[PDB]
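So this one's upload-v2.csv, CSV, C-alpha atoms and all ligand atoms:
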chain,number,residue,atom,x,y,z
A,1,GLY,CA,-3.7,5.2,41.4
A,2,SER,CA,-6.8,5.9,39.5
A,3,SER,CA,-5.9,5.3,35.8
A,4,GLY,CA,-7.4,3.8,32.7
A,5,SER,CA,-5.4,4.5,29.6
A,6,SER,CA,-2.6,6.8,28.5
A,7,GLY,CA,-2.8,8.1,24.9
A,8,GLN,CA,-5.6,8.5,22.5
A,9,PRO,CA,-8.2,6.2,20.8
A,10,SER,CA,-6.8,6.4,17.2
A,11,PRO,CA,-7.1,2.9,15.7
A,12,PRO,CA,-5.6,2.2,12.2
A,13,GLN,CA,-8.7,2.6,10.1
A,14,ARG,CA,-7.3,2.8,6.6
A,15,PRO,CA,-3.6,3.8,7.1
A,16,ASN,CA,-1.6,3.7,3.9
A,17,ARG,CA,2.0,4.6,3.3
A,18,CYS,CA,3.9,4.7,0.0
A,19,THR,CA,6.1,1.7,-0.4
A,20,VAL,CA,8.6,4.0,-2.1
A,21,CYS,CA,8.7,7.1,0.0
A,22,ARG,CA,6.0,6.3,2.6
A,23,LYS,CA,4.3,9.6,2.1
A,24,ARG,CA,1.3,8.2,3.9
A,25,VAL,CA,-0.6,8.2,0.6
A,26,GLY,CA,-4.4,8.4,0.9
A,27,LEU,CA,-6.2,11.5,-0.5
A,28,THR,CA,-5.0,10.4,-4.0
A,29,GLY,CA,-3.1,7.2,-3.3
A,30,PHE,CA,-2.8,4.5,-6.0
A,31,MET,CA,-2.9,0.8,-5.2
A,32,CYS,CA,-0.7,-0.9,-7.9
A,33,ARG,CA,-1.9,-4.1,-9.4
A,34,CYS,CA,0.9,-6.2,-7.8
A,35,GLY,CA,-0.8,-5.4,-4.5
A,36,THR,CA,0.9,-2.3,-3.1
A,37,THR,CA,0.2,1.4,-2.5
A,38,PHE,CA,2.2,4.3,-4.0
A,39,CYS,CA,1.9,8.1,-4.5
A,40,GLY,CA,0.8,9.9,-7.6
A,41,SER,CA,4.5,10.3,-8.2
A,42,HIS,CA,5.4,6.7,-7.6
A,43,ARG,CA,2.1,5.2,-8.8
A,44,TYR,CA,3.9,3.9,-11.9
A,45,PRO,CA,5.2,0.3,-11.9
A,46,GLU,CA,8.6,1.1,-13.4
A,47,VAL,CA,9.2,3.6,-10.7
A,48,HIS,CA,8.9,1.0,-8.0
A,49,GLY,CA,10.1,-1.8,-10.2
A,50,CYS,CA,6.8,-3.7,-10.3
A,51,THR,CA,7.6,-7.3,-9.4
A,52,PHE,CA,4.1,-8.7,-10.0
A,53,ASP,CA,4.5,-12.2,-8.6
A,54,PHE,CA,2.5,-14.6,-10.8
A,55,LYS,CA,2.0,-18.4,-10.5
A,56,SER,CA,3.4,-18.0,-7.0
A,57,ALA,CA,0.6,-19.6,-5.1
A,58,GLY,CA,-0.7,-23.2,-4.9
A,59,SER,CA,-3.5,-23.0,-2.4
A,60,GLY,CA,-7.1,-21.9,-2.0
A,61,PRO,CA,-9.9,-22.2,-4.7
A,62,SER,CA,-9.1,-20.5,-8.0
A,63,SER,CA,-11.3,-17.8,-9.6
A,64,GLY,CA,-11.6,-15.3,-12.4
B,101,ZN,ZN,6.0,7.8,-3.1
B,102,ZN,ZN,3.5,-2.7,-9.0
Written form, C-alpha cells:
Amino acid sequence: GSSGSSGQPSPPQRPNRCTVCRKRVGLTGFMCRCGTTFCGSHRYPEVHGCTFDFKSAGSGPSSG
C-alpha cells in the first residue's frame, strides 16, 4: 500500500482560544496580564475573574 500521510499539513502556528468562551480569539484578541488570552468581550479581568498569581515562583533569575 503506497501511502505517506492522511490529513493536511496545518501546524499550530499561533492558535489562540478565549479562556472564557474559546472563540479562537486572534484578529483582535487580548492577552491579559495574568498570562491568558480573551476576546474583546472577555478581555476585562473582572469578566474572567483575573487571578493574577504573584509571589508564586521561587526559581530562575529575577528581572525587571
Ligand atoms: Zn470570550
Ligand atoms: Zn487576567
Who sits within 10 Å of stretch 21-36 of chain A, all atoms listed in the file, same chain under 4 positions skipped, as a tab-separated table (two decimals) with C-alpha atoms, keeping the file's coordinate frame:
chain	number	residue	atom	x	y	z
A	14	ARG	CA	-7.30	2.80	6.60
A	15	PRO	CA	-3.60	3.80	7.10
A	16	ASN	CA	-1.60	3.70	3.90
A	17	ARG	CA	2.00	4.60	3.30
A	40	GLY	CA	0.80	9.90	-7.60
A	41	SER	CA	4.50	10.30	-8.20
A	42	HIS	CA	5.40	6.70	-7.60
A	43	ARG	CA	2.10	5.20	-8.80
A	44	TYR	CA	3.90	3.90	-11.90
A	45	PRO	CA	5.20	0.30	-11.90
A	48	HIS	CA	8.90	1.00	-8.00
A	50	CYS	CA	6.80	-3.70	-10.30
A	51	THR	CA	7.60	-7.30	-9.40
A	52	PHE	CA	4.10	-8.70	-10.00
A	53	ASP	CA	4.50	-12.20	-8.60
A	54	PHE	CA	2.50	-14.60	-10.80
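Across the model, the gap from atom CA of residue A:38 to atom CA of residue A:20 is 6.7 Å.
The gap separating atom CA of residue A:19 from atom CA of residue A:37 is 6.3 Å, in Å to one decimal.
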Any idea what the distance is between atom CA of residue A:57 and atom CA of residue A:18? 25.0 Å
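Distances to ligand ZN 102 (chain B) were evaluated for A:1, A:49, A:6, A:13 using only C-alpha atoms and all ligand atoms, and the minimum falls at A:49.
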Would you please take stretch 7-57 of chain A of the structure in the block above and write N, CA and C atoms to a file as a CSV table (one decimal), in the first residue's frame?
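Printed below is result-v3.csv as written:
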chain,number,residue,atom,x,y,z
A,7,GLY,N,-4.3,13.5,5.9
A,7,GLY,CA,-4.7,14.7,6.5
A,7,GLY,C,-4.3,15.9,5.8
A,8,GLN,N,-3.7,16.9,6.5
A,8,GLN,CA,-3.2,18.1,5.9
A,8,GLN,C,-2.2,18.8,6.8
A,9,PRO,N,-1.1,19.3,6.2
A,9,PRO,CA,0.0,20.0,7.0
A,9,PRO,C,-0.5,21.3,7.5
A,10,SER,N,-1.2,21.3,8.7
A,10,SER,CA,-1.7,22.5,9.3
A,10,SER,C,-1.2,22.6,10.7
A,11,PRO,N,0.1,22.9,10.9
A,11,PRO,CA,0.7,23.0,12.3
A,11,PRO,C,0.2,24.2,13.0
A,12,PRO,N,0.1,24.1,14.4
A,12,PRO,CA,-0.4,25.1,15.3
A,12,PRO,C,0.6,26.3,15.3
A,13,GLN,N,0.5,27.2,14.4
A,13,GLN,CA,1.4,28.4,14.3
A,13,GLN,C,1.2,29.3,15.5
A,14,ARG,N,0.1,30.0,15.5
A,14,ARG,CA,-0.3,30.9,16.6
A,14,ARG,C,-1.7,30.7,17.0
A,15,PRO,N,-2.1,29.5,17.3
A,15,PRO,CA,-3.5,29.2,17.7
A,15,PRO,C,-3.8,29.8,19.1
A,16,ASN,N,-4.9,30.5,19.2
A,16,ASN,CA,-5.3,31.2,20.4
A,16,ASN,C,-6.8,31.0,20.6
A,17,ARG,N,-7.2,30.6,21.8
A,17,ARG,CA,-8.7,30.4,22.1
A,17,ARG,C,-9.0,31.1,23.5
A,18,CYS,N,-10.1,31.8,23.4
A,18,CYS,CA,-10.6,32.5,24.6
A,18,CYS,C,-10.7,31.6,25.8
A,19,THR,N,-10.1,31.9,26.9
A,19,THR,CA,-10.2,31.0,28.1
A,19,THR,C,-11.5,31.2,28.8
A,20,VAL,N,-12.4,31.9,28.2
A,20,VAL,CA,-13.8,32.1,28.7
A,20,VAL,C,-14.8,31.5,27.9
A,21,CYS,N,-14.7,31.7,26.6
A,21,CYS,CA,-15.7,31.1,25.6
A,21,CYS,C,-15.0,30.4,24.5
A,22,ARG,N,-13.6,30.4,24.5
A,22,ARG,CA,-12.8,29.8,23.5
A,22,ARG,C,-13.3,30.1,22.1
A,23,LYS,N,-13.4,31.4,21.8
A,23,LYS,CA,-13.9,31.9,20.5
A,23,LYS,C,-12.8,31.9,19.5
A,24,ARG,N,-11.6,31.2,19.8
A,24,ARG,CA,-10.5,31.2,18.9
A,24,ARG,C,-10.0,32.6,18.6
A,25,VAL,N,-10.0,33.5,19.7
A,25,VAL,CA,-9.5,34.8,19.5
A,25,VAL,C,-8.3,34.9,18.7
A,26,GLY,N,-8.1,36.1,18.1
A,26,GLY,CA,-6.9,36.2,17.2
A,26,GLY,C,-6.9,37.6,16.5
A,27,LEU,N,-7.8,37.8,15.6
A,27,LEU,CA,-7.8,39.0,14.8
A,27,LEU,C,-7.7,40.2,15.8
A,28,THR,N,-8.5,40.2,16.9
A,28,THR,CA,-8.4,41.3,17.8
A,28,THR,C,-8.4,40.7,19.3
A,29,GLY,N,-7.7,39.6,19.4
A,29,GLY,CA,-7.6,39.0,20.7
A,29,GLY,C,-6.8,39.9,21.7
A,30,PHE,N,-7.0,39.6,23.0
A,30,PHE,CA,-6.4,40.4,24.1
A,30,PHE,C,-5.7,39.5,25.1
A,31,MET,N,-4.4,39.5,25.2
A,31,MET,CA,-3.7,38.7,26.2
A,31,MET,C,-3.6,39.4,27.5
A,32,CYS,N,-4.5,39.0,28.4
A,32,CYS,CA,-4.5,39.6,29.8
A,32,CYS,C,-3.1,39.6,30.4
A,33,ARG,N,-2.9,40.4,31.4
A,33,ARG,CA,-1.6,40.5,32.1
A,33,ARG,C,-1.3,39.2,32.8
A,34,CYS,N,-2.3,38.6,33.5
A,34,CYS,CA,-2.1,37.4,34.3
A,34,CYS,C,-1.3,36.3,33.4
A,35,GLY,N,-1.6,36.4,32.1
A,35,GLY,CA,-0.9,35.4,31.2
A,35,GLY,C,-1.9,34.6,30.5
A,36,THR,N,-3.1,35.2,30.0
A,36,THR,CA,-4.1,34.4,29.3
A,36,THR,C,-4.6,35.2,28.1
A,37,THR,N,-5.4,34.6,27.3
A,37,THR,CA,-6.0,35.3,26.1
A,37,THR,C,-7.5,35.2,26.2
A,38,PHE,N,-8.1,36.4,25.9
A,38,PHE,CA,-9.5,36.5,25.9
A,38,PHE,C,-10.0,37.3,24.7
A,39,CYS,N,-11.4,37.4,24.6
A,39,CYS,CA,-12.0,38.1,23.4
A,39,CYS,C,-12.3,39.5,23.8
A,40,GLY,N,-12.4,40.4,22.8
A,40,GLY,CA,-12.7,41.8,23.1
A,40,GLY,C,-13.9,41.9,24.1
A,41,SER,N,-14.7,40.9,24.2
A,41,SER,CA,-15.8,40.9,25.1
A,41,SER,C,-15.4,40.4,26.5
A,42,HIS,N,-14.5,39.5,26.6
A,42,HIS,CA,-14.0,38.9,27.8
A,42,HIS,C,-12.5,39.3,28.1
A,43,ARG,N,-12.1,40.5,27.5
A,43,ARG,CA,-10.8,41.0,27.7
A,43,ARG,C,-10.6,41.5,29.1
A,44,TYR,N,-11.6,42.0,29.7
A,44,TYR,CA,-11.6,42.5,31.0
A,44,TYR,C,-11.2,41.5,32.1
A,45,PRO,N,-10.5,41.9,33.1
A,45,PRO,CA,-10.1,40.9,34.2
A,45,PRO,C,-11.3,40.5,35.0
A,46,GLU,N,-12.1,41.4,35.4
A,46,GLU,CA,-13.3,41.1,36.2
A,46,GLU,C,-14.2,40.0,35.5
A,47,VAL,N,-14.3,40.1,34.2
A,47,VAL,CA,-15.1,39.2,33.5
A,47,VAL,C,-14.6,37.8,33.7
A,48,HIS,N,-13.3,37.5,33.6
A,48,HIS,CA,-12.7,36.2,33.8
A,48,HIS,C,-12.1,36.1,35.2
A,49,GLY,N,-12.6,36.9,36.1
A,49,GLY,CA,-12.1,36.9,37.5
A,49,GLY,C,-10.6,36.7,37.5
A,50,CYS,N,-9.9,37.8,37.0
A,50,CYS,CA,-8.4,37.8,37.0
A,50,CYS,C,-7.8,37.3,38.3
A,51,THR,N,-7.1,36.2,38.3
A,51,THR,CA,-6.5,35.7,39.5
A,51,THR,C,-4.9,35.8,39.4
A,52,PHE,N,-4.5,37.0,39.0
A,52,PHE,CA,-3.0,37.2,38.9
A,52,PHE,C,-2.3,36.6,40.0
A,53,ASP,N,-1.5,35.5,39.7
A,53,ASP,CA,-0.7,34.8,40.7
A,53,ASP,C,0.6,35.5,40.9
A,54,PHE,N,0.8,36.2,42.0
A,54,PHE,CA,2.1,36.9,42.3
A,54,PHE,C,2.8,36.1,43.4
A,55,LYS,N,4.1,36.4,43.6
A,55,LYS,CA,5.0,35.8,44.5
A,55,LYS,C,4.7,34.3,44.6
A,56,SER,N,4.4,33.7,43.4
A,56,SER,CA,4.1,32.3,43.4
A,56,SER,C,5.2,31.5,42.5
A,57,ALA,N,6.4,31.9,42.7
A,57,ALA,CA,7.5,31.3,42.0
A,57,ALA,C,8.9,31.6,42.7
